[PDB]
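# Survey of secondary and tertiary structure
Here's the letter readout for the chains.
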Amino acid sequence: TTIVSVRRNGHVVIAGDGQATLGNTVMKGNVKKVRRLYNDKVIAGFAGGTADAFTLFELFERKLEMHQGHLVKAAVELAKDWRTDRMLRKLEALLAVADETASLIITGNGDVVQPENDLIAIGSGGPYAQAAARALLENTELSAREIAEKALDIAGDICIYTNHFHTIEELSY
Amino acid sequence: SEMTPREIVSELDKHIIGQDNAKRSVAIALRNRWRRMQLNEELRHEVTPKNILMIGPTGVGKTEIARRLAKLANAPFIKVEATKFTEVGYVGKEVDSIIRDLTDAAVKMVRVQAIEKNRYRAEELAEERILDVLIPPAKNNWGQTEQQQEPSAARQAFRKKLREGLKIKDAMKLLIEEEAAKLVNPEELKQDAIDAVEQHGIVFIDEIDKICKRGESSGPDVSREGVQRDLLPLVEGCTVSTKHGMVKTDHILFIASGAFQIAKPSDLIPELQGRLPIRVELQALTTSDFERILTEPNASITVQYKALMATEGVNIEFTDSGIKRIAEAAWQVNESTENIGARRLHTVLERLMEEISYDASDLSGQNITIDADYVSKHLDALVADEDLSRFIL
């Protein structure tokens, strides 16, 4: 799959495709890889278990609960539980979460990464997404949503594991 | 003839800064208890307390509100940590202890409340026991019926000569702890408390959110939710075995409190959600908020400090810029390290005043002035050194 987050001006987005693959066949084509959390204040995307995500997004949203809402802290506190607990440690998936403050990547390896210009591109198509998301953010005035989306379509074109079904979320401030 | 909500909020304003909604909330609870007493027997049974759930960050007013509310209603009050009971999966303790602990405090009250409302009469009759071992013209009559009757004459000048003047004083106190007791009725006193608990009890349950779900694990959620289950009867209406009697939780007012950063009130057990009909949020405090807390409350910390120092014959004065400076510090530390709400003020205010607090007795008669200069000199360094902050502030 491919998830692409971009942040320009007062907008930050997270777009993802809808293909779910098994072997060499497409299982589903309209999977919802992006969603809103923490009273719509937080937007996130996931690459992997359509349920593993569920479990994760919630716990994450449990971190933001009694930690004011500090995106970064609750994010590192999550990867912490994630890499520890046998339960959490069991599930595998790439997490891409953003918010007014900043966007970052969370992984099972208890890793909390924040790409260069808050530009995230995970999933089997992340590279393609990023290469295109770059060429644009670099030589274009296009909005965060226009790049995320245009970059996402480019990925879908190259990546055999990503389709052109989008699911975008945004955040304005 | 109780106060109206606006009246209740007002009084609350005298101690708590901001958090208006929470006040109106906790205020409607109180008023409703009055409202209920004003109905027919039938309805008086059907109308139960409108229990409240406060949602908000640490030290921003939750408990203070509940505490002041209870105070204003002269109601027995008790605070309790929800997670305390999840421990029962090892040994912990049982929820019924809440009503039990509540009653015990409800007794300690009715007691001190009644004994104090007596220490004055017992002292007066006490002297009437001493002013009897100095001039005993007891019995009926003695001299005249009118003029000569009044035996006070020498006695009067005798008691005064003693009041302002074994050992009278040593004797009276002994008589005080003999007449007071010989005046208390421990029967109705035991039931007095129970009635309180049953009609004005206020139970504060902190960490309600820590008793919720989370895809965590079977074991833990089972321990957590159990505390919720064990809470149901208290809140739904039941009877508890009191070391001093039998209490009906039926009309006790419950004020639960949760951050809900991790968990949402909707994760709470259904039965509970039903019994927490009122939801209210409290906001994080602002530096401005802080400045007001430091001074506005009528027994503010700043006022306390000034008083404490006066004790030592030292006059303290807080400049506005001084207060502002103090407030910013607390905020700065809370943001740079860990946000603990208004609590931070006490730590800061207290570190700031150390040198004086110590030298106090020596500056007897001086006019110290804590202005922005002083504050900065004393706190700026500490506030800056983060690691030092996590120890000293």
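Residues numbered from 1 in each chain as written, not as in the entry; some residues may be left out. Chains lettered and ligands numbered in written order. Part of a larger assembly, values for the part shown. Heavy atoms only, no water.

## Looking at the UniProt feature "binding site: Na(+)" in chain A
Residue and element names in this part refer to chain A. Taking the UniProt record as the reference, the feature "binding site: Na(+)" is found at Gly156, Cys159 and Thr162. Tracing the backbone through its elements, the reader meets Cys159 in the loop between α5 (144-158) and β11 (167-172). For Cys159, the residues in contact, after removing those within four places along its chain, are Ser124, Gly125 and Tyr128. (UniProt positions renumbered as here; feature names shortened; annotations may be inferred. Helix = DSSP H or I, 4+ residues; strand = E, 2+ residues; numbered from the N terminus. Contact = heavy atoms within 4.5 Å.)

## Thoughts on helix α15 (residues 343-352) of chain B
The periodicity of an α-helix, 3.6 residues per turn, causes residues three or four places apart in sequence to face the same way. Every buried residue of α15 of chain B is accounted for by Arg344, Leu345, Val348, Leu349 and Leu352 of chain B. Here the buried residues of α15 of chain B occupy an arc of 125° about the axis, which is enough to place them on one side. (Buried < 20%, exposed > 50% of the residue type's maximum accessible area, 1.4 Å probe, protein only. Arc of directions from axis to C-beta.)

## A few points about the packing of aromatic side chains
Ring pairs (aromatic) are described by centroid distance and by the angle formed between their planes. Using the criterion set out here, one finds one aromatic pair over all chains in the structure. Ring geometry for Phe46 of chain A and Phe57 of chain A: centres 5.7 Å apart, planes at 70°, overall edge-to-face. On the criterion of sequence distance, the pair formed by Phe46 of chain A in strand β6 (residues 42-48) and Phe57 of chain A in helix α1 (residues 52-63) is long-range, its members being eleven residues apart. With a relative accessible area of 5%, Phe46 of chain A lands in the buried category. Residue classification places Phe57 of chain A among the buried positions, given a relative accessible area of 2%. One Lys or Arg, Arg31 of chain B, reaches over the ring of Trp34 of chain B and ends 3.9 Å from the middle of that ring. In this arrangement the basic side chain of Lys377 of chain B is found over the ring face of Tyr374 of chain B, its NZ or CZ atom lying 5.9 Å from the centre. (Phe/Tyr/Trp six-rings, centres within 6.5 Å; stacked < 30°, edge-to-face > 60°. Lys NZ or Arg CZ within 6 Å of the ring centre and 35° of its normal.)

## Some points on empty space enclosed by the protein
In this approach the atoms are scanned with a rolling probe the size of a water molecule, which exposes any empty space left behind. All names here are of chain B. There is about 60 Å³ of room inside the largest cavity. Considering the residues around the largest cavity, the lining is formed by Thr48, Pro49, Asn51, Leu234, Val235, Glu236, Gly237, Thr249, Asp250, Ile252, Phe254 and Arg275. Taken as a whole, the second largest cavity encloses approximately 40 Å³ of empty space. Every residue along the wall of the second largest cavity is listed here: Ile205, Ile208, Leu231, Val235, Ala256, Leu272 and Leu276. Its residues assigned to classes, the lining of the second largest cavity comprises seven nonpolar, no polar and no charged. (1 Å grid on protein atoms, 1.4 Å probe; cavity = no way out; pocket = protein on both sides within 12 Å on 5 of 7 lines; lining within 4 Å. Points joined across faces, edges and corners; volume = space filled by probe spheres on them. Nonpolar A, V, L, I, M, F, W, Y, C, P; charged D, E, K, R; others polar.)

## Quick notes on the UniProt feature "binding site: ATP" in chain B
Residues and elements named next belong to chain B. Listed under "binding site: ATP" in the UniProt record, and renumbered for this structure, are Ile17, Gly59, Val60, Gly61, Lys62, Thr63, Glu64, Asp206, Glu271 and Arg343. As for the annotated residues, the ones lining the largest pocket are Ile17, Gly59, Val60, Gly61, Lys62, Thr63, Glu64, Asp206 and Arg343. Residue placement: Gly59 occurs in the loop between β1 (52-55) and α4 (62-73). When sequence neighbours within four positions are dropped, the list of residues in contact with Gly59 reads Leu285, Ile340, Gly341, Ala342 and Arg343. Of note, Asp206 is situated in strand β3 (residues 202-206).

## A look at the interface of chain A and chain B
Contacts between the two partners involve 17 residues from chain A, matched on the other side by 16 residues from chain B. Between chain A and chain B, the buried area comes to about 1200 Å², and carbon and sulfur atoms account for 44% of it. For the chain A face of the interface with chain B, the top three residues by lost area are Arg62, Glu65 and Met66 of chain A, together amounting to 53%. Our count for the contact surface shared by chain A and chain B stands at two salt bridges. Of the charged contacts in the structure, one is a salt bridge between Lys264 of chain B and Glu58 of chain A, with a shortest N-O distance of 3.9 Å. Elements with a minimum of two residues in the side of chain A that touches chain B: α1 and α2 (71-84) of chain A. In the side of chain A that touches chain B, the residues fall into seven nonpolar, three polar and seven charged. (Buried area = accessible area lost by both parts, 1.4 Å probe. Salt bridge = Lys/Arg side-chain N within 4 Å of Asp/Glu carboxyl O.)

## Observations concerning unusual backbone geometry
With a phi angle near 55°, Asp118 of chain A is a residue other than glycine that sits in the positive phi range. Structurally, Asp118 of chain A is set in the loop between β9 (111-113) and β10 (120-122). We note that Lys139 of chain B has phi near 75°; this positive angle belongs to a residue other than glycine. A relative accessible area of 78% means that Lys139 of chain B is categorised as exposed.

## Regarding the nonpolar core
Residue and element names in this part refer to chain B. Grouped together as the largest cluster of nonpolar side chains are 59 residues, with contacts concentrated most on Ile255, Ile316 and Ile370. It is helix α14 (residues 320-336) that contributes the most residues to this core, six residues altogether. Looking at which domains feed residues into this core, each of domain 1 (1-108 + 194-282) and domain 3 (285-392) supplies at least three. Sequence-distant contacts of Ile370, defined by excluding residues within four places in its chain, comprise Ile316, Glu317, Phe318, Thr319, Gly322, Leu352, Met353, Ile356 and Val375. (Core = buried A, V, L, I, M, F, W, Y, C linked by side-chain atoms within 4.5 Å. Domains from an automatic or database assignment.)

## Side note on the domain arrangement of chain B
Residue and element names in this part refer to chain B. Domain boundaries in chain B define domain 1 (1-108 + 194-282), domain 2 (109-193) and domain 3 (285-392). Averaged C-alpha coordinates put domain 1 and domain 3 at centres separated by 34 Å. With seven residues of domain 1 at the interface, the matching set in domain 3 holds twelve residues. Of the roughly 740 Å² buried between domain 1 and domain 3, counting both surfaces, carbon and sulfur atoms make up 57%. For the domain 1 face of the interface with domain 3, the top three residues by lost area are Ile17, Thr58 and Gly59, together amounting to 62%. Taken together, the connections running from domain 1 to domain 3 amount to zero salt bridges. Between the two partners, domain 1 and domain 3, sit two residue pairs in polar contact. Grouping the amino acids of the side of domain 1 that touches domain 3 by side-chain chemistry returns two nonpolar, four polar and one charged. (Polar contact = N/O pair within 3.5 Å; in protein donor to acceptor, adjacent residues only side chain to side chain.)

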